[PDB]
């Protein structure tokens, strides 16, 4: 096949141009992403059970459905959250399971248990939807100057903009924050008492016009926190403006006049204190949280969203403008731009290493043309196999560049040798070279291509990460084998002039270098000879280096992904249950003001009432986009320093929590950035004991130096009023359950719900998680109801109320009751160290309490638990591939003992730079193993086909070490200089680049220096001990 292309130059030329043209086409039709698609298939079962308590919802809906979904096809884990309103069931499936299969499977299992569900749940809708609950982009609409009307701007955003966004391809579901608004009524105690009007009089009179009343602080007129009456208003309603509300007649006067609502109350229109309240850059606005459709391209969807928005902006009245304060897609351009630059730097650097050795323009150009054709070839293979231009695929192409030229070195070098050391014509020089070295090319591409296939056959989203590296490298190396057997044959023959194969030219720096390298090769040959002279005493040194390999491995901490500064972050702004919205937004303003006046923040969007830990009046969050990295070129201006600063400054304010975290790198695995620890009640020990374990384990995490910010990612117990109805004599005394339930519902709103029933006891709870004063247990007893004979009866005869505390939410993980915990690794410490910290602190906990890692945490544990298998199989197939290629069981053994040499440098490189054993390190480790095999098999191949016998085989192996020292140094130095721009990356996106490059740069240095001294030894002990 080689001789085919030597005598046919143009035939190889047109093929190479065909690859380039196809690759260029692939670029134009290839999606760009920061990462590949990592999201596992998730199905959400949502059910509503209005008026039911969280316990009732869980027992009647959540637990029944969840119990049915135990044995689903590749169901990884189940999560459940039963709250007052709804039941929610999240079912995460194995990787590679068809989402529509999982969707159909969960739908079918739902129809089995549906008839056992409460009727009102079924008819309201039990939805089964593919989960895409991660927020990618946030759009705010603001009014420049004073164009803001709560009715107008809220509906401008929710109607005109949201309808367009929903039609934008790639947009899954949009949550509207700040578009629910209410009439606020503030009764005056003086005017109420001056007339003969009661609080119930106002509530009941208003209820004749608007039944969407939320009562709050009707029991605190005069120093109110929440508006005593809040009437959510819709455009269809009979009364809309506050002037209409003020006109509501309350009672007539003796003189014929009428008392109106405006006469005893202050009437206002504004955003509802019980919906969502949004704000961007300390200004009131309406937010639209965009969740992109599963499987869409984030960048492309953002461009359409932007295009559809600024096309809508021209219709805005002056003052109204649209802003995007939060866009995770923004970083994709920055990361892909940097890796493309680093790819260019690697090409510019390997060219320098080639030129330093071969020292002519023509023979340097011959291998440098292999890389673009092979890279553009892999670009075409990726389009069609289902891959994107992401940092991972581009990262591989960076590592490929140094490897890709390896075979084209060997042809050019040995052509030039046969052309000057033997006087051959350029045609016949290349002909003989391939008949000589094609075995070496075949051998090294066998190990290199093979070593990358085992990682592609692995589960999890780390498996998908591995496959992007595996395909981009095995195909490019496989290409570079083909180009070396086809392209470089022709180019060597047509382009190399006899004037170029000069062994010594350009006396000066280059002559100095040439003489120096030749001298170094001599001391190499003497140094090795000393080692083979005392081989038993140096094999003990080899036993030493594997020992420090193990010690370094045990010492090194492991992590998942490096912390990257992607220009944005988020802040949990939490208040204790029962905190009203006004305190929540005051606390948010404190964070808003601190960001504005003390930190480099471009935009800071803030929403009250929404939180990834649970909605409510005591929850709020802030999404923040930082200023450009150019304005933050300092250690104290990175994200981590900023979030550390924010969390420390606000830790001094008690009765509130402020948790600032860097944006999660893979939001489709989890909305937060930290660990997903799931405390489980696997033994049925009960809620009270589960709280005690959670609280005391939280305490242990506070004391541990490895952990930071470990906390309960949820809502604590909220105060509430429990009403017990023993022996429903109310029906015996004439009062109906309807009349009782309405009178409570009128003065408590939707907060009046029902709970668990036992033995003629109608248990009920008034929800007080919003901290309103309203009616106490004394008022509840003194409330009046009408029996069937028309009289007023005190409510206390048949109702016994009491204050109590209870969780607003009940969660379940893998079917057992849960507490969702989250936290961080302390500075300097690694994410894995944070994980083993938490597992260690579990030791002293009581009996029936287990734990599970979820989200990215679950994936990270998988990566570290399948690591030994991944390394063992990668060396094993190289063993078998060499055994198949060379029909021997002794050659693989000699080659195999080279891999610990390159491992030591990888371990040393990270261990001295303080970097962890992340998966970038694991990918580099596989690359180092393959390149170690290439180094060893390059000399062992020559040392075998020269001559072979027993009683020590010096003759061939030092001959091989002599011949192959230069070729292995060319190829190894090329790879090292290619990855130097990774190991020494500077600006944005550099966290991943130094992580991927540090281990691989250190690995190759000791995969070459420590190898050439030791692989001739390996060939000789295996020969000496196999006879």
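Don't worry about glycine lacking a Cβ; one is built from the backbone with ideal geometry, like all the others, and counts go over all protein chains shown. No lab work stands behind these numbers, since they all come straight from the coordinates.
Which angle from 0 to 90°, rounded to the nearest 10, does the C-alpha axis of helix 1015-1025 make with the longest principal axis of the chain?
Approximately 70 degrees, to the nearest ten.
Decide, for the stretch 573-719, between rounded, prolate and oblate: order the square roots of the alpha carbon gyration tensor eigenvalues as a ≥ b ≥ c, take rounded if a/c falls under 1.5, and otherwise choose prolate if a/b is larger than b/c, else oblate.
Judged from the Cα gyration tensor, the stretch 573-719 comes out prolate (a/c at least 1.5, a/b above b/c).
Given a Förster distance of 56 angstrom, what is the FRET efficiency for residue 122 paired with residue 344, based on the Cβ-Cβ distance and rounded to 0.05?
Once the sixth-power term is evaluated, E becomes 0.40.
Taking the Kirkwood radius as the inverse of the mean 1/r across Cα pairs, report the Rg/Rh of the chain.
Across the chain, the Cα-based Rg/Rh ratio is 1.09.
Express in nm, to one decimal, how much length is gained between residue 699 and residue 352 on full extension, taking 0.36 nm for each residue of separation and deducting their alpha carbon distance.
119.2 nm
If I take the Cα coordinates of the stretch 953-1027 and project them onto the principal axes, what are the three extents in Å, biggest first?
Principal extents (largest minus smallest coordinate, Cα): 57, 23, 12 Å.
Using only the C-alpha atoms of the stretch 396-498, find the volume of their convex hull and express it per residue in Å³.
Considering the Cα atoms of the stretch 396-498, their hull volume per residue is 79 Å³.
Could you please state, rounded to a whole Å, how far the C-alpha centre of the stretch 596-654 is from the C-alpha centre of the stretch 116-178?
Their Cα centres are 24 Å away from one another.
Contact order normalised by length for the stretch 42-130, with contacts defined as Cα pairs under 8 Å and 6 or more residues apart; what percent is it?
After rounding, I find 45 percent.
On a 0 to 90 degree scale, rounded to 10, what angle separates helix 298-313 from the longest Cα axis of the chain?
That works out to roughly 50 degrees.
What percentage of all Cα-Cα pairs in the stretch 181-273 are separated by more than 16 Å?
49
What would the Debye equation give as log₁₀ I(q)/I(0) for the stretch 1-102 at q = 0.21, 0.22 Å⁻¹, counting only Cα atoms as equal point scatterers?
So the normalised log intensities work out to -1.02, -1.06.
Let me know the whole percent of all Cα-Cα pairs from the stretch 740-876 that are separated by more than 23 Å.
Counting pairs separated by more than 23 Å, the tail of P(r) holds 61 percent.
Using Cα pairs under 8 angstrom and six or more residues apart, how large is the relative contact order of the chain, in percent?
15
Taking the beta-carbon count within 10 Å as an exposure proxy, list 922, 130 from fewest neighbours to most.
Least to most surrounded, the residues fall as 130, 922.
For residue 283 and residue 247, FRET efficiency with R0 = 30 Å and r from the beta-carbon atoms, rounded to 0.05?
Computed FRET efficiency for residue 247 and residue 283: 0.35.
Considering the zone a paramagnetic label at residue 94 would reach in this model (a point 7 Å from Cα along the Cα-to-Cβ line), which residues of the stretch 826-870 have amide N under 20 Å from it?
Zone members listed by number: 853-856, 858-867, 869-870.
Once you put a point 7 Å from the Cα of residue 529 and another 7 Å from the Cα of residue 108, both along the Cβ direction, what distance in nm separates them?
So the label points at residue 529 and residue 108 sit 7.6 nm apart.
What is the stretch 581-631 by shape, rounded, prolate or oblate, if you read a ≥ b ≥ c off the alpha carbon gyration tensor as root eigenvalues and call it rounded for a/c under 1.5, prolate for a/b larger than b/c, and oblate otherwise?
Verdict is oblate for the stretch 581-631.
At 7 Å along the Cα-to-beta-carbon direction for both residue 883 and residue 518, put a label point, then send me their distance in nm to one decimal.
So the two model labels end up 4.5 nm from each other.
Can you give the helix-only mean residue ellipticity at 222 nm for the chain, where every DSSP H stretch with n ≥ 4 adds -39500 (n - 2.57) and the sum goes over all residues, rounded to the nearest 500 deg cm²/dmol?
-16500 deg cm²/dmol
Treat the count of other C-beta atoms within 10 Å as a stand-in for reagent exposure and order 634, 941, 791 from fewest to most.
By the 10 Å Cβ count, ascending, the order reads 634, 791, 941.
Within the stretch 577-602, find all residues whose amide N lies under 19 Å from a label point positioned 7 Å from the Cα of residue 636 along Cα-to-beta-carbon.
In the stretch 577-602, the label zone of residue 636 (backbone N under 19 Å from the point 7 Å along Cα→Cβ) covers 594-602.
Please give the helix 737-748 orientation as an angle from the longest Cα principal axis of the chain, in degrees from 0 to 90, rounded to the nearest 10.
70
Using a ≥ b ≥ c from the Cα gyration tensor of the stretch 431-555 (square roots of the eigenvalues), is it rounded, prolate or oblate, where a/c under 1.5 gives rounded and otherwise the larger of a/b and b/c decides, a/b for prolate?
oblate
For the stretch 586-662, what's the relative contact order in percent, using C-alpha pairs closer than 8 Å and at least 6 residues apart?
Relative contact order, the stretch 586-662: 22 percent.
For residue 502 and residue 1009, what does the FRET efficiency come to when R0 = 35 Å and r is the distance between their Cβ atoms, rounded to the nearest 0.05?
Efficiency for this residue pair is about 0.75.
How large is Rg/Rh for the stretch 42-130, to two decimals, with Cα atoms and a Kirkwood Rh?
Value, to two decimals: 0.96.
Three principal axis extents, largest first, for the C-alpha atoms of the stretch 718-806, in Å?
Dimensions of the stretch 718-806 along the principal axes of its Cα atoms: 38, 27, 20 Å.
In nm, give the distance between the simple-model label positions of residue 337 and residue 789, each being 7 Å from the Cα along the Cα-to-Cβ direction.
For the pair residue 337/residue 789, the computed spacing is 8.4 nm.
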